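Peer 1: No letters, just coordinates:
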């Protein structure tokens, strides 16, 4: 059961990450990492 | 005057930057949760 | 005495939402200081408890700031007494 729970939670988190990815190349990815750390969504 | 030390989890665990005057409090807060972390609600 | 609270460089950005911590960007504290009484009147010989609460952000920091408290004679109260 735990593996399926992880898969579902990861899918949701990844959809959120894809929305943030649409928001704002490798520079884009670095900026997204920096913005996640700044906003604290990465902590959650 | 208010002075405080916002420290990362790694730095707290290793006691990297806690002053010696407060190391006991730092170790307490690390081993047994002594500081609140308001969770609020996750975006996703 | 009227008691008002001010933060020199410690002011919160116009506690903080966990998701929207980016507001702390460009702020010297990288935290939100608050005090439970922002501005309260106080009778003579009355002791007031003020809770100072700090909600820190993602950036590790060491702060040594100063918070000001302004005390003035309560003209409204004394006029009411008169």
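Peer 2: That came in fine, so what should we check first? Residues are numbered from 1 along each chain as shown, chains lettered A, B, ... in the order given.

Peer 1: Looking at chain B, which helix is longest?
Peer 2: helix B:23-31 (DSSP state H).

Peer 1: Chain A against chain B: which residues are in contact?
Peer 2: Taking Cβ under 8 Å from any Cβ of the partner chain, the part of chain A that reaches chain B is made up of A:12, A:13, A:15, A:16, A:41, A:44. (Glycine included, C-beta is placed from N, CA and C.)

Peer 1: Between which two of these is the distance greatest?
Peer 2: Distance extremes for those: the farthest pair is A:15 and A:44 at 15.0 Å, using Cβ to Cβ.

Peer 1: Assign the spatially closest residue to residue A:41 that is not a sequence neighbour to helix, strand or coil.
Peer 2: Of all residues not flanking residue A:41 in the chain, residue C:19 sits nearest, at 5.7 Å (Cβ to Cβ, 6 or more residues apart in numbering or on different chains). Three-state call for residue C:19 (DSSP: H, G, I helix; E, B strand; the rest coil): coil.

Peer 1: quick one: contacts for residue C:19?
Peer 2: By Cβ atoms under 8 Å, 6 or more residues apart in numbering or on different chains, the contact set of residue C:19 is A:39, A:40, A:41, A:44, B:40, B:43.

Peer 1: and the two most separated of these?
Peer 2: A:39 and B:40 (13.1 Å).

Peer 1: These two - which one has more neighbours?
Peer 2: Shown here are residue A:39 and residue B:40; by other Cβ atoms under 10 Å in any protein chain shown, residue A:39 has more neighbours (23 against 10).
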